[PDB]
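Notes to accompany the following structure.
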Amino acid sequence: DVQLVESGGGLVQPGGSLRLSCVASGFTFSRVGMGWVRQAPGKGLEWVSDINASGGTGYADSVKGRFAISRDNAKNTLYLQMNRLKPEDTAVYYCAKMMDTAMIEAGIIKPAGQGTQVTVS
């Protein structure tokens, strides 16, 4: 099977915390740069965070210092630790290969997975 499968969303209060996961299947995970994007109501898809195969990371300006991306290669799993959550973070979050993120933002392709919903209210 070839899939990206997100879980871990939920409904938290402002200031709260969630950890999202994505389990990847169908390819050698450790050598691929992975990331997260999100889609807020009425908006397009937008980058959240990247982690390259070497463990270098990047974050959208609006989440820096609050979110932390990590990966467990032995479990084919990507994580996004969300702390200090804000109402503006409400969105469906999706996992992607890093090389797919710009095409997803542009609407050229869609996320592979069904995503997971985060509501901050």
Side-chain angles (χ1 to χ4, degrees):
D1 311 323
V2 180
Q3 46 186 226
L4 298 182
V5 180
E6 304 93 342
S7 188
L11 293 87
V12 309
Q13 296 292 309
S17 182
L18 291 166
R19 182 192 72 172
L20 310 184
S21 64
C22 165
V23 180
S25 55
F27 60 94
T28 299
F29 178 80
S30 61
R31 61 172 294 290
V32 179
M34 298 292 301
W36 294 94
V37 297
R38 69 186 176 183
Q39 188 165 33
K43 301 178 55 169
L45 283 134
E46 62 176 16
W47 180 57
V48 178
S49 181
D50 286 333
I51 186 168
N52 68 29
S54 300
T57 58
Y59 296 89
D61 287 350
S62 68
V63 309
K64 278 178 188 186
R66 302 186 301 110
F67 294 3
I69 194 174
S70 58
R71 62 196 296 161
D72 185 343
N73 288 335
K75 297 187 184 170
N76 277 25
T77 298
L78 184 69
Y79 297 103
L80 186 67
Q81 179 71 33
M82 306 174 87
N83 289 336
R84 302 180 38 209
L85 276 160
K86 295 175 176 191
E88 75 190 52
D89 297 317
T90 295
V92 184
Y93 284 73
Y94 298 92
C95 174
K97 300 190 178 62
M98 279 176 63
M99 58 179 230
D100 287 344
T101 288
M103 285 183 294
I104 287 163
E105 294 183 300
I108 295 175
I109 63 176
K110 289 194 180 71
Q114 293 291 303
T116 191
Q117 173 72 55
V118 171
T119 301
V120 185
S121 183

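Quick note: numbers below take in every heavy atom, side chains included, and nothing from hydrogens, waters or symmetry partners. The first residue in the sequence is number 1, and the count goes up from there.
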Going by side-chain hydrogen bond (donor to acceptor under 3.5 Å, both in side chains), name the residues that satisfy it together with [X], two or more places apart in sequence or in a different chain.
X     : answer
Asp72 : none
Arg66 : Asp89
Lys43 : none
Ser21 : none

Please table the atom pairs, donor to acceptor, closer than 3.5 Å between any side-chain atom in residues 105-121 and protein atoms at least two apart or in another chain.
residue: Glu105; atom: OE2; partner: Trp47; partner atom: N; Å: 2.9
residue: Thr116; atom: OG1; partner: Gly9; partner atom: N; Å: 2.9
residue: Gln117; atom: NE2; partner: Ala91; partner atom: O; Å: 3.4

Using the salt bridge (charged side-chain N to carboxylate O under 4.0 Å, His left out) criterion, which residues pair with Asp61? Sequence neighbours excluded.
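Here the qualifying residues are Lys64.
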Could you pull out all residues at least two apart from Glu88 that satisfy salt bridge (charged side-chain N to carboxylate O under 4.0 Å, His left out)?
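Expected list: none.
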Is there any side-chain hydrogen bond (donor to acceptor under 3.5 Å, both in side chains) pair reaching into residues 22-33, and which pairs are they, with sequence neighbours excluded?
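For residues 22-33: none.
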Steps toward side chain to side chain contact (heavy atoms under 4.5 Å, CB included) verdict (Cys22, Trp36)
CA-CA 9 Å; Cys22 165; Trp36 294 94; 3.8 Å; yes
In Å and rounded to the nearest 0.5 Å, what is the [atom1] to [atom2] distance from [X] to [Y]?
X     : Y     : atom1 : atom2 : answer
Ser17 : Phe67 : OG    : CZ    : 10.0 Å
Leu4  : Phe29 : CG    : CZ    : 9.0 Å
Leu78 : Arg71 : CG    : CZ    : 7.0 Å
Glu6  : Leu80 : CD    : CG    : 11.5 Å
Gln81 : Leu18 : CD    : CG    : 8.5 Å
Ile51 : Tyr59 : CD1   : OH    : 7.0 Å

Please give the remaining members of the hydrophobic cluster of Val5, linking ILVMFWY side chains under 4.5 Å, ordered by chain and number.
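In the cluster with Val5 there is nothing else; it is isolated.
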Side-chain donor-acceptor contacts of residues 95-103 below 3.5 Å, not counting sequence neighbours, with atom names and distances?
none

Using the test side chain to side chain contact (heavy atoms under 4.5 Å, CB included), find all partners of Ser70 that sit at least two apart in sequence or belong to another chain.
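Only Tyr79 meet the side chain to side chain contact (heavy atoms under 4.5 Å, CB included) criterion with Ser70.
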Quick one: which residue pairs count as a salt bridge (charged side-chain N to carboxylate O under 4.0 Å, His left out) with a foot in residues 44-57, not counting sequence neighbours?
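Every salt bridge (charged side-chain N to carboxylate O under 4.0 Å, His left out) pair that includes a residue of residues 44-57, provided the two are not neighbours, is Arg38-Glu46.
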Looking at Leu85 and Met82, what are the two nearest heavy atoms and their distance?
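Here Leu85 and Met82 meet closest at CD2-CE, 3.8 Å.
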Could you go through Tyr94 and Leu20, starting from their C-alpha distance and side-chain angles, then the distance that decides it, and tell me whether this counts as side chain to side chain contact (heavy atoms under 4.5 Å, CB included)?
CA-CA 10 Å; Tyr94 298 92; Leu20 310 184; over 6 Å; no
Joint cluster assignment, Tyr93 & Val63, ILVMFWY side-chain distance < 4.5 Å
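Cluster IDs for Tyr93 and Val63 match.
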